[PDB]
Amino acid sequence: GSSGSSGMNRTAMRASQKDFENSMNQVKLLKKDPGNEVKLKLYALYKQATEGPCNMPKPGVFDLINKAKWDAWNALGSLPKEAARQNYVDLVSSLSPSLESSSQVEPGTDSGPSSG
């Protein structure tokens, strides 16, 4: 059986587009080299929160570059975008110790169904 170790908590916490746009950025502002291992895990979600489940044709062995990603984005499987984004950020945050989760949004004003 699989389970947490310290304590998997959520508290109705979700990652919005804003959080992502920031996370993906931090992954570029870093001057450290974690390894192609993570560089892929970050791309797997991106394509998952933008395109969805790996629906592309499997690349050829010779194409190590592609094959590397395919296995990254493929792993996800039927992972929904809503979750994909949460996974992407959840990672970038793991690398960086300090992070001000500024989750803000405006209610805006919808329009009513009216025609001339």
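Residues numbered from 1 in each chain as written, not as in the entry; some residues may be left out. Heavy atoms only, no water.

Its PDB record attributes the structure to solution NMR.

Enquirer: How should the UniProt feature "domain: ACB" in the protein chain be read in this particular structure?
Expert: When the UniProt feature table is mapped to this numbering, "domain: ACB" covers residues 16–101. Between the C-alpha atoms that bound residues 16–101 the distance is 10 Å, and the span itself is 60% helix and 0% strand. (UniProt positions renumbered as here; feature names shortened; annotations may be inferred. Helix = DSSP H or I, 4+ residues; strand = E, 2+ residues; numbered from the N terminus.)

Enquirer: I'm lost on unusual backbone geometry in this one. Help?
Expert: It is generally the case that most residues other than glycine have a negative phi and that most peptide bonds are trans. One non-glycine residue, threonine 11, adopts positive backbone phi at about 65°. The residue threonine 11 is located in the segment before α1 (17–29) in this model. On the basis of relative accessibility, which here comes to 69%, the residue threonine 11 falls in the exposed class. Located in the positive-phi region is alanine 12, a residue other than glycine, with phi close to 50°. Mapped onto the secondary structure, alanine 12 falls in the segment before α1. Taking relative accessible area as the criterion, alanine 12 reaches 62% and is therefore assigned exposed. (Buried < 20%, exposed > 50% of the residue type's maximum accessible area, 1.4 Å probe, protein only.)

Enquirer: Any chance you could explain the nonpolar core here in plain terms?
Expert: If you look at soluble globular proteins, the nonpolar side chains tend to sit buried side by side. The biggest cluster of nonpolar side chains holds 14 residues, and the ones touching the most others in it are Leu42, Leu45 and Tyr88. When contributions to this core are tallied by element, the ones reaching two or more residues are α2 (36–46) and α4 (81–95). If sequence neighbours within four positions are ignored, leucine 42 has contacts with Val27, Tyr88, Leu91 and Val92. (Core = buried A, V, L, I, M, F, W, Y, C linked by side-chain atoms within 4.5 Å. Contact = heavy atoms within 4.5 Å.)

Enquirer: Whenever I open this one, α2 confuses me. Can you help?
Expert: For an α-helix the count is 3.6 residues per turn, leaving residues at separations of three or four pointing the same way. For α2, the full list of buried residues reads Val38, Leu40, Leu42, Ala44 and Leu45. Where α2 is buried, its residues meet α1, α3 (64–76) and α4.

Enquirer: Help me understand the packing of α2 against α4 in this model?
Expert: Two quantities define a packed helix pair, namely the angle between the helix axes and the distance between the axes. Orientation of α2 relative to α4, taken along the N-to-C sense of each, is 155°, at an axis distance of 8 Å. It follows from the interaxial angle that α2 and α4 lie roughly antiparallel. Judged by the sense of rotation from one axis to the other, the crossing of α2 with α4 is left-handed. In this structure, α2 contributes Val38, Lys41, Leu42, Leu45 and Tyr46 to the contact, and α4 contributes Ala84, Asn87, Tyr88, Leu91 and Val92. (Axes fitted to C-alpha atoms, helices over the stretch in contact; angles between N-to-C directions. Parallel < 35°, antiparallel > 145°, perpendicular 65-115°, else oblique. Left-handed = near helix turned anticlockwise from the far one by under 90°.)

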